[PDB]
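Single-structure report; data block below.
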Amino acid sequence: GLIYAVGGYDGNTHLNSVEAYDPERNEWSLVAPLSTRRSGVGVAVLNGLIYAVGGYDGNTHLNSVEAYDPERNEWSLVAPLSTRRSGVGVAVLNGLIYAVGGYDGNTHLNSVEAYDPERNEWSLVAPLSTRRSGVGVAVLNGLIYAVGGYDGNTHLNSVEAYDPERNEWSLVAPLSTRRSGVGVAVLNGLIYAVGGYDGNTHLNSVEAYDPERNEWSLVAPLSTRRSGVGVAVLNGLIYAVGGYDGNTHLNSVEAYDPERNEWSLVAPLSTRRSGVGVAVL
């Protein structure tokens, strides 16, 4: 029932702080901080724990991973990634957490690894066809979608989907717009790609993917351009949290109602956060 905004960058400082949004009160409250400052961090939820995966602490691209227990309000380290990954996309499917792409400090990554909480270890799985940092990742109907990103030379409009039964990635329909630093979330059978950066412009635009038609369509734009934006879904609304508008690191937050096809502002974060990880628990 709460949206967590994890880490990020406020314009001056890479953040270890974490805050949680209660929609019933329309307010954010601070919760326990990460052990490590993490911007460009991937965040996902599995079995009552929030995992903060990788990121960048201001000096080092991180392979470390920590997990938040809301009953104890504390973070604990878990097994590290095989590879340092900032700008990493993270999603959960069938009891495993996938860390997709990112940047290790020297190289934009096509590699992918999966975390098994029962064994507390990461294992390599099939690599992406394309290196992708600043990639958005979401899960829909048994497939993991890797949306956009940056391959080291080009901001990407391409999209690929992972089938765990085959351990393979396949291309699907591309975005209308190249998007790195894009936020991605799934609601009612559609994947939304929110904001990002096309190589020249920080984006307010939003598009939605219908797997039945294998195509993307534009939906209502954000009020504010947002790259490095965190996106999560709660109770029929998509929240776009923080980001960067080209001039300013953002504390603002807006919510999308698909029934009205419109975005509305909600309570702002206490702290400006771009490169922020967002998850719902």
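Each chain in the structure tokens gets a letter, A, B and so on, in the order shown; residues start at 1 in every chain, and ligands are counted from 1 in the order they appear.
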TODO: Determine, counting only C-alpha atoms, which protein, DNA and RNA residues have an atom within 10 Å of an atom of residue 112 (chain A); residues of the same chain fewer than 2 positions away are not included. Present the result as a ChimeraX atom specification.
DONE: /A:81-83,88-90,98-102,109-110,114,122-128
Task: Top pick for closest residue to residue 9 (chain A), considering A:177, A:129, A:120, A:271 and counting only C-alpha atoms - done: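 Comparing A:177, A:129, A:120, A:271 against residue 9 (chain A), the winner is A:271.
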- [ ] Go ahead and compute the interatomic distance for CA of residue 158 (chain A) and CA of residue 137 (chain A), in Å to one decimal.
- [x]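 CA of residue 137 (chain A) lies 12.5 Å from CA of residue 158 (chain A).
The shortest atom-to-atom distance to residue 107 (chain A), with only C-alpha atoms taken into account, belongs to A:152 out of A:80, A:152, A:189, A:174.
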- [ ] For residue 196 (chain A), list every protein, DNA or RNA residue within 10 Å, evaluated using only C-alpha atoms, and leave out those in the same chain fewer than 6 positions away; present the list as a list in words.
- [x]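 The neighbour list is residues 134, 135, 136, 148, 149, 155, 177, 178, 179, 180, 181, 182, 183, 184, 202, 203, 204, 205, 206, 225, 226, 227, 228, 229, 243, 244 and 245 of chain A.
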Can you write just those residues out, N, CA, C and O atoms, as a compact mmCIF listing (two decimals), in the first residue's frame?
# COMPACT_ATOMS: atom_id res chain seq x y z
N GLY A 134 20.50 2.81 -18.32
CA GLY A 134 19.35 3.69 -18.24
C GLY A 134 18.12 3.06 -18.85
O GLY A 134 17.29 3.75 -19.46
N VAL A 135 17.99 1.76 -18.69
CA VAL A 135 16.94 0.96 -19.31
C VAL A 135 15.77 0.82 -18.35
O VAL A 135 15.95 0.72 -17.13
N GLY A 136 14.56 0.83 -18.89
CA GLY A 136 13.36 0.55 -18.10
C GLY A 136 12.96 -0.90 -18.27
O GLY A 136 13.05 -1.46 -19.36
N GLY A 148 14.06 0.62 -24.18
CA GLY A 148 14.93 1.77 -24.36
C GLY A 148 16.29 1.61 -23.70
O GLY A 148 16.84 0.51 -23.60
N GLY A 149 16.84 2.73 -23.26
CA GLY A 149 18.17 2.76 -22.71
C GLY A 149 19.18 3.39 -23.66
O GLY A 149 18.83 4.06 -24.63
N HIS A 155 20.96 6.54 -28.00
CA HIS A 155 19.78 6.39 -27.17
C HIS A 155 18.76 5.57 -27.94
O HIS A 155 18.54 5.79 -29.13
N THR A 177 9.74 6.90 -29.81
CA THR A 177 10.72 7.88 -29.41
C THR A 177 11.84 7.15 -28.70
O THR A 177 11.58 6.28 -27.86
N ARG A 178 13.09 7.48 -29.03
CA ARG A 178 14.22 7.00 -28.25
C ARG A 178 14.09 7.50 -26.81
O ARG A 178 13.73 8.66 -26.57
N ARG A 179 14.36 6.61 -25.85
CA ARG A 179 14.17 6.94 -24.43
C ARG A 179 15.23 6.23 -23.60
O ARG A 179 15.14 5.01 -23.43
N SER A 180 16.20 6.97 -23.08
CA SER A 180 17.06 6.49 -22.01
C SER A 180 16.67 7.19 -20.71
O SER A 180 16.04 8.24 -20.72
N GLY A 181 17.02 6.57 -19.58
CA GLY A 181 16.54 7.11 -18.32
C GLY A 181 15.03 7.11 -18.23
O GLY A 181 14.43 8.02 -17.64
N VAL A 182 14.41 6.10 -18.80
CA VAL A 182 12.96 6.00 -18.94
C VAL A 182 12.40 5.20 -17.78
O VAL A 182 13.02 4.23 -17.31
N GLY A 183 11.23 5.59 -17.29
CA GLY A 183 10.51 4.82 -16.28
C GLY A 183 9.46 3.95 -16.95
O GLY A 183 8.80 4.36 -17.90
N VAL A 184 9.32 2.72 -16.46
CA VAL A 184 8.42 1.76 -17.09
C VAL A 184 7.57 1.11 -16.02
O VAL A 184 8.09 0.74 -14.96
N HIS A 202 14.86 16.15 -22.91
CA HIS A 202 14.23 15.45 -21.81
C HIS A 202 12.73 15.44 -22.06
O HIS A 202 12.15 16.45 -22.46
N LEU A 203 12.10 14.28 -21.87
CA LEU A 203 10.78 14.03 -22.44
C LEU A 203 9.68 14.15 -21.39
O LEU A 203 9.82 13.66 -20.27
N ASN A 204 8.59 14.81 -21.78
CA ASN A 204 7.33 14.70 -21.04
C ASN A 204 6.39 13.67 -21.64
O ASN A 204 5.35 13.38 -21.05
N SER A 205 6.74 13.08 -22.78
CA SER A 205 5.79 12.21 -23.45
C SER A 205 5.77 10.83 -22.81
O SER A 205 6.71 10.41 -22.11
N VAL A 206 4.69 10.10 -23.07
CA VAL A 206 4.40 8.80 -22.49
C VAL A 206 3.76 7.96 -23.58
O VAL A 206 2.92 8.46 -24.34
N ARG A 225 8.69 17.52 -17.98
CA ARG A 225 9.70 16.62 -18.55
C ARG A 225 10.44 15.92 -17.41
O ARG A 225 10.78 16.53 -16.40
N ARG A 226 10.66 14.61 -17.57
CA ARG A 226 11.29 13.82 -16.51
C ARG A 226 12.15 12.73 -17.14
O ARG A 226 11.60 11.78 -17.69
N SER A 227 13.47 12.85 -17.02
CA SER A 227 14.37 11.74 -17.28
C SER A 227 14.96 11.28 -15.95
O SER A 227 14.97 12.02 -14.97
N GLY A 228 15.43 10.03 -15.91
CA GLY A 228 15.86 9.48 -14.63
C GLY A 228 14.72 9.41 -13.64
O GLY A 228 14.92 9.61 -12.44
N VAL A 229 13.53 9.15 -14.14
CA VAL A 229 12.29 9.16 -13.36
C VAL A 229 12.01 7.75 -12.86
O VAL A 229 12.28 6.76 -13.55
N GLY A 243 12.93 12.70 -10.98
CA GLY A 243 13.55 12.82 -12.27
C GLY A 243 14.23 14.16 -12.46
O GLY A 243 14.50 14.90 -11.50
N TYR A 244 14.49 14.49 -13.72
CA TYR A 244 15.26 15.67 -14.11
C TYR A 244 14.61 16.24 -15.36
O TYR A 244 14.33 15.50 -16.31
N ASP A 245 14.35 17.54 -15.37
CA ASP A 245 13.60 18.15 -16.46
C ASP A 245 14.48 18.84 -17.50
O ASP A 245 13.96 19.51 -18.39
Rows by chain and residue number, region 165-275 of chain A within 9 Å of region 29-52 of chain A, shortest pair, only C-alpha atoms, as CSV:
residue,atom,partner,partner_atom,distance
A:181,CA,A:40,CA,8.8
A:228,CA,A:40,CA,7.7
A:269,CA,A:29,CA,8.5
A:270,CA,A:29,CA,7.9
A:273,CA,A:39,CA,8.6
A:274,CA,A:39,CA,7.5
A:275,CA,A:40,CA,4.4
- [ ] Select, from A:190, A:253, A:185, A:144, the residue with the minimum atom-to-atom distance to residue 165 (chain A), counting only C-alpha atoms.
- [x]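 Answer, going by the shortest atom-to-atom distance: A:144.
The interatomic distance for the pair CA of residue 103 (chain A) and CA of residue 217 (chain A) works out to 29.2 Å.
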Open item on the list: Ranking A:223, A:60, A:130, A:73 by minimum distance to residue 20 (chain A) and counting only C-alpha atoms, which one comes first?
Closed with: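 With only C-alpha atoms as the atom set, the closest residue is A:73.
Proximity of A:58, A:236, A:142, A:95 to residue 117 (chain A), computed with only C-alpha atoms, is greatest for A:95.
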- [ ] Between A:263, A:115, A:209, A:256, single out the one closest to residue 94 (chain A), counting only C-alpha atoms.
- [x] A:115
Open item on the list: Between CA of residue 75 (chain A) and CA of residue 119 (chain A), what distance in Å does the model show, to one decimal?
Closed with: 18.7 Å
